[PDB]
Amino acid sequence: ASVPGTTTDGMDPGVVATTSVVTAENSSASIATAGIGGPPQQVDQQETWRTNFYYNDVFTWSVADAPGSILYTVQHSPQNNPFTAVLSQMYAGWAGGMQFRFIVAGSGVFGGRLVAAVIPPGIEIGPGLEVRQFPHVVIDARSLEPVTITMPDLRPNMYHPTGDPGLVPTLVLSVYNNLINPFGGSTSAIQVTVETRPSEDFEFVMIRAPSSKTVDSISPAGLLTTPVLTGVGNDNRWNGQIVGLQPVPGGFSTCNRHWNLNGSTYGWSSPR
Amino acid sequence: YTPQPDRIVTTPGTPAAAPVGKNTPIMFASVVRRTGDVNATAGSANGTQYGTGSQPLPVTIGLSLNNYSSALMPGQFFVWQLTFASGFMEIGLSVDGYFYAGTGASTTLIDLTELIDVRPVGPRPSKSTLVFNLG
Amino acid sequence: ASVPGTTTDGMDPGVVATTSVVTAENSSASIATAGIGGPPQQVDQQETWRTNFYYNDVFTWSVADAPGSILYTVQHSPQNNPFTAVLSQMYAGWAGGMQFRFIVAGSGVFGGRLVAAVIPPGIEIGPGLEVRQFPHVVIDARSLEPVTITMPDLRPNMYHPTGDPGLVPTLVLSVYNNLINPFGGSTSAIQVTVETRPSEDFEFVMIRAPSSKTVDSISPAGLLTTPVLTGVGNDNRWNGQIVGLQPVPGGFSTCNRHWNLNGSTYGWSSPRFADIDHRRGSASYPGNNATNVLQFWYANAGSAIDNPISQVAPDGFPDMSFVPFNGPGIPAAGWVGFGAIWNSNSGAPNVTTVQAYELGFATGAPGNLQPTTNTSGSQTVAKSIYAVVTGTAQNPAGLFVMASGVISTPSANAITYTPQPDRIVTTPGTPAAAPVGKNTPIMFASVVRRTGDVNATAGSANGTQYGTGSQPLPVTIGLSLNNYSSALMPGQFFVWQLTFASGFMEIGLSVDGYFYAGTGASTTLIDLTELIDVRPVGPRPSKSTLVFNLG
Amino acid sequence: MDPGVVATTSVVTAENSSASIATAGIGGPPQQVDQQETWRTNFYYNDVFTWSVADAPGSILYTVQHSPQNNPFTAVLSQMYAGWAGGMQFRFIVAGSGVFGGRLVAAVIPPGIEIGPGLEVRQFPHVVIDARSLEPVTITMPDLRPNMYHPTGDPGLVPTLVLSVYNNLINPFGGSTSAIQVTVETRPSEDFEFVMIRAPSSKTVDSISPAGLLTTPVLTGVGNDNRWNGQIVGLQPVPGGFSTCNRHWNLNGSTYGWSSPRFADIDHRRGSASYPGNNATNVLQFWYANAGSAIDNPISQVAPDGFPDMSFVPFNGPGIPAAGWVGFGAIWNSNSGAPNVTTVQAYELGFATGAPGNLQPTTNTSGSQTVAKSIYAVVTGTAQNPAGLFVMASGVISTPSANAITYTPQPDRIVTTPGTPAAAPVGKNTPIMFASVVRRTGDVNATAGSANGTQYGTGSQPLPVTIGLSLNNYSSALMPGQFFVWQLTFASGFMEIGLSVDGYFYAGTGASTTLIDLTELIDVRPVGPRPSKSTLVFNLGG
Amino acid sequence: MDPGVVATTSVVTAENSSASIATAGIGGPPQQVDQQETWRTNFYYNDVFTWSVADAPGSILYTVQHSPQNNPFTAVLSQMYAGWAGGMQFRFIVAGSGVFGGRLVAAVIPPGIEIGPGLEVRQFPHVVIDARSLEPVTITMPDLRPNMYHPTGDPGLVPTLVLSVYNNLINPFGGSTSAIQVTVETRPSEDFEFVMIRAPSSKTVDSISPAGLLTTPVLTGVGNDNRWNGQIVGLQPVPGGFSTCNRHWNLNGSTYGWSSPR
Amino acid sequence: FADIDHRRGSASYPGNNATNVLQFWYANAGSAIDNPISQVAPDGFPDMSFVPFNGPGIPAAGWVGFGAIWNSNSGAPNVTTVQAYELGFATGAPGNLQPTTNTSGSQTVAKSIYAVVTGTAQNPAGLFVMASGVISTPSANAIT
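Residue numbers (the UniProt record's numbering), protein chains in the order written: chain X, 1785 to 2056; chain R, 2201 to 2335; chain D, 1785 to 2335; chain U, 1795 to 2336; chain A, 1795 to 2056; chain G, 2057 to 2200.
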């Protein structure tokens, strides 16, 4: 009695594609050296946030992208999942893997393949990075079942602290083979959606008070929120409603009332 | 817009916002009234006047209280997703504090009146094209 | 034995996809809870109204819909199934889940996925809602077998009263991935049909009289039928038959006889074409001779003490900005009317001055008369367009103007529809119609006589003048009494289906009282001559584009 | 004991229940058969009929056929089922009194029998219902059919239930109370079932029997007349009768007259114009045409659309005429008409004979001529032979001084076309006429307060009723000889209002000419058809 | 038979009694549930309403909500209990006469329905009450609620009991007597229970509906006017009307005039 | 904290000479059709009662902001009538100036506190005043 591949459950991983970085000794070492933070917390395997896949990002794959061109890049972090980012406000450290589910919304008439490799930490990410010379999994554009890969937690640290996570692996989806629409025309692009889920060895180690360093001090996610860019936030020059974005093709250099990510300024004005 | 990059007073020592690939620096526009026309607001028949700033005021307020040194290594963007009524587009934040969106050599002002959802996606490399399509 | 999958029975679900909320002990905690209404009514899992899937709503899925764009969202209600909606007027409360079966009309050459999530009842649904971060399933556009998604009854209440259900879960089926049609050409959309069958735990509890009134604002499907368009039914500014709809690109704002979903008006002028009467206001005339002059009446905006709705204008005074004119040349458009002057203190109207007067709102009377845009800080004005041999100059004076109006045109050939969107006055604090997506606001035209030509007939001898109004008067009459605050969820519109002789056009009605159509950037008047019948569809969100299949 | 408890109860079956269920399997399984449902174990209201003392023993009061519209919940279930079979239980509740006496017959007539005066119900298998009975009498209607099931929309031959007088109603008092009300309550029997589910879009009964068209606000809110667009504040009876045919629509899809139901405009193109006096300064313009020259009106040729159907009053000189119909308007020349600037005035229109000499009022439209004379002075007067009028549709009443003349029109001034049905008082019932407060020329500020009684203008029937009747055909929706009756409930009383096959409205006031105010009126309610011999109730607040 | 004997009796339950008691355990054990108590096995006076001949058939005479203030002993028990659940039994006693006639409708309106002129009670599951009836007609009000229990002070959605005219009252005499009195008697049902005991200092109804302010001695003893401080000996009617605004206080906390009450 | 902007507010100057005159601007409340929330007053208007003051006398505990008057036919502000204008509510503008609290029947009344050469007497004129305000004090000593 069957389920049509066309439709997938949220708990359904699809086809589990393995990679040479994903091993048993890596997982056993991950748990054995994550135990220094204490017992594993939020480890109950029947929770809704641990079994279901939740949306991370979507991206466009077109026929104008050469092979080796990187389309999608995710750093290993608990901010990828929307539920481990909420559980990280009350825990002082995290350790373990994460699973990424890819759904390629192509038909049988398309051609070309994606590639998927887990970059070890310490490697620069950008153009000239040859994904296809890593341990990799190819993904066809005519794939119907979703394909999933596990990101192993390849760390030099024992655990990752919440404020400073340290060095983390990176997952890249680049063009393995050029997408080819045999037809010819303006309708030459497809979309691939990434859903993320914590693995079986993902855990948080020690608890901490949420009145500690808050979400405005560990990541700048709350600096740009929804009402700020619509009718609340003002510029740092004129005190007016931000109603547009003006691109500068030649570049500029603003010194006064401009703060970097190091909490410093080169100007002469307080932030008001 | 008045704050043209050819006339901005800058102390010696600040980093420069340079275009990285197809990504280009952006500056946050706002309607600023003039001494040529008091009643000139957005959509005026006399012509709207735009005042542009480098960062939003809540962003530079929150940047002056906290430190994100262990959040973005040099050469990485922090990217938010801005979805509109028609399309969606992405802006990114550098280490120096400048905002980067990928439009290439285009200088058209973004309308920004149909913005509905602003959400973050996390750290991304600097030499990657942020997706921009208003339709 | 063997079905191929191309043919599915009405009792056939196909593939069943439960996301994370269809649990057995949830159904057990819902069945034992709903006994507070007594024995469960209409529970028998052999009846043909609850074992077969039935049509609820069909909707299109174009290639222009971005991921996350809302295609089809319904709340948990008996109205999602036709026989359950029939028994909903028979019963007085319900509890239990419902099965939603989706059929995708797509070939194997299409591509793209459709997400489907069950929203918990406490979540406000609007622009900032992200659907794909909920427990969901995806449905491909190449789905041959139908997919059923059972929406359970998650509720903080015991049972759901039909009058006040409180908090109900919501099924949202939005775009997961862009539908691709790798072929170019005219084919850029497919269709998805939603079938609905009540679940194994659906039940009704109490009886009530057939269709007894209820706290739940009734669905506004009865205030707009077919005759309204091709028969009786008049306008808001004038009393004429609606001969067509015209789309205005940019928007407009009318706040005279306009009532919102929540029964309220922002302005004067109760919905009835009676007459215009005032008592306080001054009359004056130019010229040293009191013979063959033009009378000049004005009062300030706020002396309408007898008006029980708002003080800013007398009842029936039109919302037309004044066109300033001087001399024997008659003005271009405006609101004239056959009327007279009258004095106060038990005074009857004067015999020798009955004439056509044009009315309006001015600023700076009686000097440099200027047109007025805002109602606040203004003054109402009225002056004759023809010659009358007498003038009165008493400080207490008033008008008597018939309520039906016409448009004064100097040469009167083709002209322009009146009033324009730049000529309608507005009270402060008005809501403004804006074009959302490809949907533009529309405005209903009618045939109105002119002072230059008495024969303003729709035939030969010059094109006609189309007088335009905001919403029809039977809609305002039926909506000035009832309250529809909970009938339609804000951010969507109640869409109907007009059926012409060679096509169809969908018309939506928002929460502001305005009407929307997906004509696009066109100013072409659409003629209602071949319109046959009107069938209601129901709630549909603003991201969906209405069809414009015209012959 | 019929409470809201768990309850044992007893759902009484029918005599042919074993063969009703078995042969109704041709539609498949029986649907909505479950004996614990609370729509099947309770009696619900079906109809009320009036049993008066003036009825013969054996005269039929209440007749109804076997149908699922006899129950409020089987009729609700009937839109989603294309076929039904099974019996029904009827309960009769009498209002009655201890001092009243007389019996009734309830019996089930088998199919193939005519129902009328010749039918003798007392020899059928029946039950007897007293007037003074406390416990309501229950009868069961078996489903005696020549078919296997009754499809909705064409049910075939059905049994009939007939209520006849066994002994005539006696009141030992005398007058005052001379009628009683009996309530029929209807419950499905044991063998009642539905078969063969259908889409609810399919509908059979589309004639409410003129019902949903007259709701309550129509009278305590919106609602206008047929003469002016005035708000309805009163009903006033007239004894003797009246005739109206302008915007008066009968129960079929027809009318006898002009003037489509809309207050837009009056426009006529061809007709002669004149003015008296040798001086063409400060005169009264007089326009005339004959009856039958209206080519542009597609309904009737006798008048332009919107012309008032009143008789012209003969007046001359500077005196303002009493009563009448005036409206603001102007005269326009032909040949791509642009009107003359120097003539816009109030004009009194109407019907005369012998224009422009000795003007006499007219009663019949045949042999008459339409006239239009100004009441106020105008500085120019034309006399061109092709000329027309353009008069607004809403009108006011011209008056010499203030005070209050009478309600206008009187029943004798109203013009009729040949072939018009006349209102006649039948029994103690008498026709009514809907009143509205209208503005006048002697006093513009005719607010309903002090400074004499305000002027009342009366039309025939409400406009909502004219609009909702024009489209639909009701040739069988009301059985001739009866009227459809609504039940108005005030704050301190109630009244029954009827509606015949001719569009007229009736109330049982008798010989009284007093206006009845809908100030304290709250709600109306449909009842159904009821015969003309029954007097409508007049338990008002007085 | 309702005497002061040992008695067998019959305390008639409700249709949803199995689910009313079980879900009311969220407040703990059920309190004041004992079927031999004499405040639960007898009918007591609740309200009287006048049914006149000048009322339309279907006009609402008596409307009341499901509440423990409908019984004189559950309202007494209500000050020491912060929550109740369960049904109630209503009995209607008509004064009537043999010469009077006409029926009434008693039915339980489910929650979520407006109560007024548009409501049609005759198509509800109901009981019929004659004017000339000897034995009083009993209806049971089930506790149909969207909550588990009704806390006192904010009971939520409750069913409503509506008395409407089935057939209008007729008097074949003429004038004189043109109204009748109907007495409503109220008894708790089988599943009625209290939960979650509270201090009696807590109070909900503090407006007597202007009641305890006018007692009897106010008129046959102490009591003064608003103009002079004179003892009240009479009431005198006036036809046509009058206006007083000096020490005349309306039902809100306001007046239109001077002269504080002293 | 945005600027105060109002169209068609009456402006005048007392006397006949236009040397060291004090600029007077007033507009009735309920006529400022500029906000989507209410028409009682323009945006950024302080909720302060006007303390009356004449001649060369600095007012006290008052909301003074830097402002100018523009012609409504063009929108261009006038050159010389840029001063620190007291912003508040008053009851009677052409006669004696008195403070007020209620908005019904009061009027938005603005007046400069230092001497301005000449001044616009145009009746449909408009008033612009910047967002933030400083304190009008007769002396250098602080108050409550």
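We treat Cβ as the ideally placed atom computed from N, Cα and C, and that holds for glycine.
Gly2262/U: member of the alpha helix (DSSP H) spanning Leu2257 to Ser2264, first to last residue. Taken in chain order, the members of the stretch 1902-1919 of chain A whose beta-carbon sits within less than 7 Å of a beta-carbon on chain D are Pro1904, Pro1905, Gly1906, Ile1907, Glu1908, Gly1912, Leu1913, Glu1914, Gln1917, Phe1918 and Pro1919.
Residue range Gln2276 to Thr2283 is occupied by the beta strand (DSSP E) that includes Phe2278/U.
Under the Cβ distance rule, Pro2274/D does not count among the residues neighbouring chain G, no pair being separated by less than 7 Å. With fewer than 16 other CB atoms across the displayed protein chains lying within 10 angstroms of its CB, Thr1791/D is exposed. A Cβ of chain D is located within less than 7 Å of the beta carbon of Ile2316/R. Listed as beta-bridge partners of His1920/U by DSSP are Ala1901/U. Counting the other Cβ atoms within 10 Å of the Cβ of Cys2039/A gives fewer than 16, which makes it exposed. Counting only the Cα atoms, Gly2047/X lies some 23 Å from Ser1861/X. Among the residues of chain D, none has a CB under 7 Å from the CB of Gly2322/R; the nearest is roughly 15 Å distant.
Look at the beta carbons and you see the stretch 2069-2079 of chain U not touching the stretch 2178-2197 of chain U: under three pairs across the two are nearer than 8 Å. Among the residues facing chain R, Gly2131/G is included, as its CB has a counterpart in that chain under 7 Å away.
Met2104/D counts as buried, since at least 16 other C-beta atoms from the protein chains shown sit within 10 angstroms of its C-beta. Contact check for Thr1954/D against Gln1873/D fails: the beta carbons are separated by 7 Å or more.
For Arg1939/A, the chain D residues whose Cβ falls inside 8 Å of its Cβ are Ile1820 and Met1942, in order along the chain. Taking 7 Å as the upper bound on Cβ-Cβ separation, chain U lies near residues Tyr2170, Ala2171, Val2173, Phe2184, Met2186 and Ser2188 of the stretch 2161-2191 of chain D.
Scanning chain R for C-beta atoms nearer than 8 Å to the C-beta of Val1870/X yields nothing, as the closest lies near 14 Å away. Counting only Cβ-Cβ distances below 9 Å, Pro1823/U has contacts in chain D at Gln1830, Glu1831 and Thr1832, in chain order. In terms of beta-carbon proximity, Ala1925/A stays away from the interface with chain D, with every pair separated by 7 Å or more. If you check the CB distance, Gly1852/D and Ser1958/D come in under 7 Å.
Think of a sphere of 9 Å around the beta carbon of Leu2029/A: no beta carbon from chain D falls inside it, the nearest being about 38 Å out. For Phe2288/R, the neighbours in chain D by C-beta distance under 9 Å run, in chain order, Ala1850, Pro1851 and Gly1852. Rounded to whole angstroms, the separation of the alpha carbons of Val2259/U and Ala2005/D is 21 Å. Under a criterion of Cβ atoms nearer than 8 Å, the residues of chain D adjacent to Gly2236/U are, in order, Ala2132. For the 7 Å CB-CB criterion, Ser2037/D and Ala2229/D do not form a contact.
Identification of chain A residues near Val1805/D by a Cβ-Cβ cut-off of 9 Å yields none; the smallest Cβ-Cβ distance measures about 21 Å.
For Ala1973/D, the enclosing beta strand (DSSP E) begins and ends at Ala1973 to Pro1982.
Take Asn1840/X, set aside five residues on each side of it, and the residues of its chain with a beta-carbon closer than 8 Å to its own are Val1858, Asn1864, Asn1865, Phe1884, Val1978, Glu1979 and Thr1980, in chain order.
No Cβ of chain U is located within less than 7 Å of the beta carbon of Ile1974/A. Any Cβ of chain U closer than 7 Å to the Cβ of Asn1961/A would place that residue at the interface, and such an atom is present.
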